[PDB]
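Encoded as structure tokens, the following chain is the form deposited in one PDB entry, with no partner shown.
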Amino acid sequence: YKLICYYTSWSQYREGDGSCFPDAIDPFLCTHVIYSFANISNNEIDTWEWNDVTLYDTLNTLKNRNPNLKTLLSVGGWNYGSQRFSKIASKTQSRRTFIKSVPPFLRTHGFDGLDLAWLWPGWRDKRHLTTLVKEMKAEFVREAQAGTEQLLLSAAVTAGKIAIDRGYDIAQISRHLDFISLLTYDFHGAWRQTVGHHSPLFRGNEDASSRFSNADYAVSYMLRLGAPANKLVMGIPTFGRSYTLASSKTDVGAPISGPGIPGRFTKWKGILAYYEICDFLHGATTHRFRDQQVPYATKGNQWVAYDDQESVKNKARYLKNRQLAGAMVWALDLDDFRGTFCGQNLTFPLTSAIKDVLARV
């Protein structure tokens, strides 16, 4: 079973205890740690932060403690224009420059592979993504003849049916990819004017406005789309989402004035790290969507959907039962990485619960 964990670049800038560098990652936690994100500049893979070269180096030295640890670099993300990915991929010359540029850049900085994070191809892009992947792999195949062990290639895929049909030819890319991380935690559109959970595992009975909008839909659908189970990795979120409430209504359908106030360390309207969530829980009312098997919390005018040791465990049981290749965590800097907030001393409490479960019979 793989445990694929993301680390984010911009996490180093958060104040006081929120500051995370790759130094803090326990090297026996994950099987694969993925650095996010890399830029493309001059049609060529490239660093993003001013000091990525250093943080790459600090991450790749975690390999000294655990020589088996695999690392990847992720290209794209959202700060980065789909538009701009589209331009690179849809032309045979910009696509060629970029692909050729990737192996020596990985080798130089000590990575074992590439993660493609194009969020997200439009329908005109679908056929180019397929070509990118296909030719990117052939290049990793060509490079391996040089003696070093073959570079890994993975991709991050949205878990919403619409976005899947629109941008991906799953049958085709699964052939060349070493795994796919399914982004099963963006299932509650913020544009909706009500409460709701974003990584439910099951639809629930509550009403069924969408039956497609849950992890189990996403996984069965990829499998039916011809993604083999052994190349599929289910995404588990480590953060929560928050919404300010339009009333004292707090249950299914409860109306919303908008996103929740910024977390103290992440300072982003609508999102909270698990460590800022454990602190929010003090003085909160706690509930669990029985059917969707994930929790939520509320206090003052603030309502929060999130994952916990129990829901994270339960997802890991589900993916084993389904014989998926493993789990993906978003993300190491949003787990309680210091272990100081969440009562038990335990650091990376969310990621360790998964890890503990993956090891079970």
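In this text, residue numbers run from 1 along the sequence as written.
This protein has a second form, the form solved in complex with a small molecule, left out of what is shown; the following refers to that one.
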With the partner left out of view, is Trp330 within 4.5 angstroms of the small molecule in the entry with it bound by any non-hydrogen atom?
yes
Is the gap between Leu334 and the small molecule in the entry with it bound 4.5 Å or less for some heavy atom pair?
yes
Can you tell me whether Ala190 touches the small molecule? I mean in the entry with it bound, with a 4.5 angstroms heavy atom cut-off.
no
Is there a heavy atom of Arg338 lying 4.5 Å or less from a heavy atom of the small molecule in the entry with it bound?
no
Residue (of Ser154, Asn214, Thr266, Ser242) lying close to the small molecule in the entry with it bound, criterion heavy atoms within 4.5 Å:
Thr266
Only one of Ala284, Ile271, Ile164, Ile256 gets a heavy atom within 4.5 Å of the small molecule in the entry with it bound. Which one?
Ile271
